[PDB]
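Take a look at the structure below.
When reading the values below, keep in mind they use all heavy atoms of this one structure, side chains included, and skip hydrogens, waters and symmetry mates. So you know, we letter chains A, B, ... as the sequences are listed, proteins then strands, and number each from 1.
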Amino acid sequence: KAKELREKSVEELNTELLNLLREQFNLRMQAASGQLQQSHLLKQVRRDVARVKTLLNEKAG
Amino acid sequence: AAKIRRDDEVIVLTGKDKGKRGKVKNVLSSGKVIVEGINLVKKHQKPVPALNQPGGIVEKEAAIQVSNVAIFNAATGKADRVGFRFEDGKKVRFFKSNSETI
Amino acid sequence: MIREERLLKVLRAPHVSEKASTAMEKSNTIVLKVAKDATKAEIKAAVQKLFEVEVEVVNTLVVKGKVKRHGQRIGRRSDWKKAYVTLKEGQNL
Amino acid sequence: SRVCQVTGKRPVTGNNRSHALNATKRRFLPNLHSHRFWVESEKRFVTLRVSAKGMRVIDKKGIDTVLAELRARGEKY
Amino acid sequence: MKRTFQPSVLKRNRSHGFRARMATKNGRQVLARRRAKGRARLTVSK
Amino acid sequence: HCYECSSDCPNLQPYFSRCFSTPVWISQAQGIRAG
RNA sequence: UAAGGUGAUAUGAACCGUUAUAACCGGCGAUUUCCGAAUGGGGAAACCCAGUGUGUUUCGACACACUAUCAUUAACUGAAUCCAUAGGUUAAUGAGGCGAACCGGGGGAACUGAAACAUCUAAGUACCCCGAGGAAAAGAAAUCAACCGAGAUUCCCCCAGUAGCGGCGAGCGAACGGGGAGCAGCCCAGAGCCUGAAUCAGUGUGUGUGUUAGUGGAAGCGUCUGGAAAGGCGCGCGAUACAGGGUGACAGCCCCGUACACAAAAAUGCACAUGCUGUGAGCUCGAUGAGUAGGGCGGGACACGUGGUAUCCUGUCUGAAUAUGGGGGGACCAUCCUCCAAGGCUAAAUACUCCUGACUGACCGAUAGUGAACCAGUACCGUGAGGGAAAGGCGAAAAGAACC
RNA sequence: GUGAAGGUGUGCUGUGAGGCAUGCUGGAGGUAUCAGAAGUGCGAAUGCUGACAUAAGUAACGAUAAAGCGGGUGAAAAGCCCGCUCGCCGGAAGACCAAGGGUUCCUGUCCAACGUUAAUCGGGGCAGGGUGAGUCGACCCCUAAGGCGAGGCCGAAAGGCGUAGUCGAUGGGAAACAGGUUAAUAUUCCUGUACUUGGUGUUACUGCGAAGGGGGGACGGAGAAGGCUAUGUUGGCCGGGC
RNA sequence: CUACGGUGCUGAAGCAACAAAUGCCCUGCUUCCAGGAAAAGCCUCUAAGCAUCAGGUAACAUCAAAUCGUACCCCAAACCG
């Protein structure tokens with residue numbers, strides 16, 4: 001996953017940063033709603049948005 | 001480089017189970033090692049309304065020190081120490097006194 | 001007009017109170033815990049885009065963190081911002 | 001501050017000594033006056049708070065030579 | 001009766017506040033002596 | 001159950017030793033005539 | 001480098017990994033809110049308010065960037081005023097802030113001692129300020145010596161509590177000379193021949209070597225007591241390893257290590273090898289630092305308190321000679337010895353420790369040792385500067401006491 | 001560890017400081033000897049720190065506005081809740097802002113400590129909940145005193161002063177009322193009725209434009225009325241009483 | 001309505017006269033001497049500027065009004081003692 005993204009284009013990289021935060025908003029709504037018994041996807045998605053914003057700001061320069 | 005690992009049939013060298021043989025269940029962080037069926041204690045487990053509301057005198061196994069166990073050789077029949085050699089580019093646990101790989 | 005990834009970070013949590021549920025049944029008002037730097041325009045833009053509903057007026061307030069004594073020390077909870085988003089006539093979530 | 005712009009004479013300190021040798025602190029201020037010097041290079045007058053020792057450095061060395069030692073030092077005039 | 005301490009935050013922050021201490025040489029030495037001591041609160045401010 | 005609280009002394013005397021000893025301000029005993 | 005992990009109080013909950021990226025450790029990189037020199041203006045730090053660009057825009061707007069002052073320099077345009085300055089703008093640079101001590105400089109006490117006290121002392125100390133560096137400062141003879149000579153500074157041991165200074169009181173206190181640590185001398189005031197000519201720097205590959213993760217390590221069993229053996233008794237083995245620590249009591253041989261032998265993607269310290277760039281040799285000649293030296297006055301520094309008193313510094317007032325000349329040799333003079341001021345640079349020996357690593361102790365062992373063995377500069381106290389605590393130990397293991 | 005130091009007894013013997021042996025606790029360390037070094041011996045310093053007595057189960061229990069009952073809950077009620085009386089304040093002991101405080105607000109829970117007694121109660125513990133603004137306030141625009149202050153003038157240094165300018169309210173600038181509502185918020189929520197300022201789309205006749213000019217803003221003490229109104233009082237009306 | 005706490009549906013009259021402020025008219029009026037802020041918002045005049053551009057003016061239409069404070073105590077058991 002950290003390696004599969006370094007064959008993506010920048011616009012490909014950016015549209016999955018949009019899907020990650022929409023997933024992150026989906027999970028953050030679910031955790032407060034009494035749902036999301038799988039309370040480990042939060043830490044995983046938060047480090048998935050960091051994984052791509054790192055890969056964003058490195059091919060930008 | 002640990003000498004005592006996840007699933008090793010070990011023997012206890014010290015402390016009320018001196019001579020008894022069991023298998024390691026999990027190596028903890030602080031040099032304490034759970035051995036299967038060896039270091040049994042008697043936990044007066046208090047029943048909480050949920051979460052195993054059976055609240056008997058639960059008999060679990062306590063952690064033993066990792067230096068108080070040694071790996072059972074079973075090809076000599078005795079307790080035995082561990083060394084580290086490199087075979088095939090891999091760090092290999094091997095028994096002392098016969099030098100053979102574990 | 002707000003950037004989309006900014007709107008995905010303001011709506012923290014839907015707030016349940018039995019005052020908040022009175023507002024949901026009687027004045028069509030969802031009460032949300034929002035981010036601390038949320039403006040009333042950013043909440044209005046985020047409830048409409050992400051909850052797919054219509055919004056008349058967001059009223060906000062900032063809840064002060066309670067001082068609690070866990071164990072023997074003196075801690076303080078975080079201040080949080082609380083919106084009162086009044087939807088117009090059609091209620092989804 | 002009471003500094004000559006040519007010789008750099010600070011006020012120095014010393015003692016007052018009485019006839020009973022009682023020491024008490026004083027300051028030997030330099031004999032400073034602001035004086036306008038005529039330069040024929042620049043075709044202007046230039047004023048300098050200069051000591052009376054510095055007025056003797058100026059006519060002995062030149063007023064162009066003194067100012068050249070100020071621009072190359074860091075004084076403003 | 002009327003005691004010596006009559007609080008006002010405005011008179012507090014203008015006397016002993018961080019910007020009042022950082023205005024002069026001798027208040028930046030106060031703040032240097034309170035970082036060198038290890039003080040939790042540096043000034044009266046928060 | 002959060003018990004065995006201490007004996008919080010007054011915040012006036014910084015030497016708890018004399019905290020319960022004297023007020024340490026003025027000692028007024030006024031009747032002394034020795035001549 | 002790994003079979004275990006998701007920091008701690010802290011259990012869970014939901015998970016991740018199992019020999020190849022779970023975590024951990026290191027190198028480098030990214031991210032790095034807000035305040036604070038705080039720098040866009042302001043402000044009651046952690047907030048308020050913009051300007052101008054540049055986008056993008058659903059037309060509601062939204063992002064990112066810039067915007068401090070000063071110093072130096074350059075560009076443009078620019079008063080009184082004709083030239084011209086001052087000013088004004090826009091760039092590039094650089095600076096500021098914090099830091100424990102050491103260091104250099106500018107200022108500078110008093111208590112105290114004198115058995116009072118004023119000269120003197122304390123003491124150029126405390127402190128305040130300014131500035132700097134890994135050291136700094138000093139430093140290449142206007143130096144000493146004594147008719148022989150020495151040969152830049154710094155530091156250490158003597159000289160020597162001497163010579164002296166001194167209400168000749170309290171006290172202050174040298175040099176010369178000698179033993180050592182460490183030892184380099186060079187530039188400009190200047191034009192030629194020669195003409196990168198070694199130098200000394202920076203930068204870059206290259207080598208040698210550290211630092212920043214690490215790897216391997218060598219050998220013990222029976223037996224009695226005991227809650228438990230590391231103890232006792234018995235009998236072996238390792239040792240370039242019997243430093244230390246842990247383990248249910250005291251372990252060379254259980255563990256971690258230790259002696260030893262090893263290891264580096266990458267980034268750096270040091271040498272060296274240097275290639276490439278900057279300074280710039282060597283030889284011929286000239287040159288030889290003026291409002292200075294000296295002096296009068298007033299102070300200060302020299303051990304030296306103006307005393308017979310040299311020498312140095314300079315606030316003030318003066319004022320040379322220019323190597324056939326000038327300084328010093330403790331008033332002064334004559335000899336004759338020695339040096340060449342009024343320009344500058346300069347390693348080591350030296351001082352220090354906020355901080356990092358090991359290592360040690362006839363150092364402390366919780367009223368001690370840091371104020372602080374413990375969420376301590378905290379609780380508390382004070383408007384504030386500031387002050388400032390008390391508080392360690394279940395057990396081998398929570399087995400931390402089900403149930404009545 | 002078949003029991004160390006320590007603690008606590010006892011016995012024995014040294015001229016003394018002391019020494020030794022040991023019964024019990026203690027549950028891991030201690031040191032013949034001979035030398036060595038001292039944070040080397042405490043009853044006093046109105047010594048320092050901690051602990052604990054004493055007075056003494058004494059004084060006091062903080063306004064002499066005052067309480068009495070019946071139910072309730074409870075393990076327990078003089079104090080809590082509810083009720084009926086009684087007393088007290090009413091230019092305050094009531095209602096409401098600013099300051100200051102910072103959750104003391106409300107609810108459910110507990111009653112160790114805290115509360116000068118008890119407590120079921122509480123401003124106590126614990127866990128939830130609660131503060132909604134174009135119009136109120138701040139921010140903001142404007143300045144006063146005063147601060148800071150580019151350049152500037154001064155000053156051993158630090159720095160002092162001050163021009164432009166920029167801050168600084170306690171003053172000046174802009175607009176909402178009434179009902180209803182929550183256990184706790186309301187000029188904020190909701191109904192009703194408004195209003196203010198600014199950005200943005202058409203008409204005719206069109207001169208608009210400032211770090212400038214002039215108005216205005218814009219101001220004293222006291223005193224005297226008149227016109228009112230808030231408010232009150234009575235009548236009338238209305239509902240009810242007999 | 002219904003635990004009669006309380007919530008809930010109803011809801012009649014809703015006038016007049018008189019007395020009234022220390023409040024408003026009034027930042028007025030009168031009078032005194034002690035002779036009683038400033039700046040902006042506001043209205044207005046234009047200069048450089050500017051051309052049936054840019055603005056202004058009116059009506060109408062749209063949108064925008066951010067951000068903080070907002071609980072509670074205030075003659076007090078929450079402030080200073």
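- Look at D/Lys53 and you won't find any side-chain N or O under 4.0 angstrom from OP1 or OP2 of G/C317.
- Taking a 4.0 Å limit (strictly below) on heavy-atom distances, residues 51-81 of chain C reaches RNA chain H at C/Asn59, C/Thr60, C/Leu61, C/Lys64, C/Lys66, C/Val67, C/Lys68, C/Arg69, C/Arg77.
- Remark: G/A259 does not pair with G/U205, failing the Watson-Crick or G-U wobble criterion at under 3.5 Å for both atom pairs.
- Side-chain N/O atoms of C/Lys36 include none lying less than 4.0 angstrom from OP1 or OP2 on G/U33.
- Of the candidates G/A399, G/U21, G/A2, G/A399 carries the atom nearest the B/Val41 side chain, counting heavy atoms from C-beta on.
- Residue D/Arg17 places at least one side-chain N or O closer than 4.0 Å to OP1 or OP2 of G/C120.
- Between B/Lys90 and G/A20 there is a side-chain N or O to OP1 or OP2 distance below 4.0 Å.
- OP1 or OP2 of G/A385 sits under 4.0 Å from a side-chain N or O of E/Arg21.
- OP1 or OP2 of H/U131 has at least one side-chain nitrogen or oxygen of C/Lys82 nearer than 4.0 Å.
- Pairing check for G/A219 against G/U18: the two fail the Watson-Crick or G-U wobble geometry, since the two atom distances are not both under 3.5 Å.
- G/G206 and H/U109 are not base-paired: they meet neither the Watson-Crick nor the G-U wobble geometry with both distances under 3.5 Å.
- In terms of phosphate contacts, D/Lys60 brings no side-chain nitrogen or oxygen within less than 4.0 Å of OP1 or OP2 of G/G319.
- Distance from the side chain of F/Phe16 is smallest for H/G50 among the nucleotides G/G300, H/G50, I/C80.
- For D/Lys9 and G/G315, the shortest distance from a side-chain N or O to OP1 or OP2 is below 4.0 Å.
- Side-chain atoms of E/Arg19 stay outside donor-acceptor range of the base of G/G36, with no qualifying N/O pair under 3.5 Å.
- In terms of phosphate contacts, D/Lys25 brings no side-chain nitrogen or oxygen within less than 4.0 Å of OP1 or OP2 of G/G107.
- Counting non-hydrogen atoms under 4.0 angstrom, C/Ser17 reaches the backbone sugars and phosphates but no base.
- Using the sign of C1'-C2'-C3'-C4' as the criterion, G/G222 is classed as north-puckered.
- Applying the 3.5 Å cutoff to both bonds, G/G190 and G/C285 register as a Watson-Crick or G-U wobble pair.
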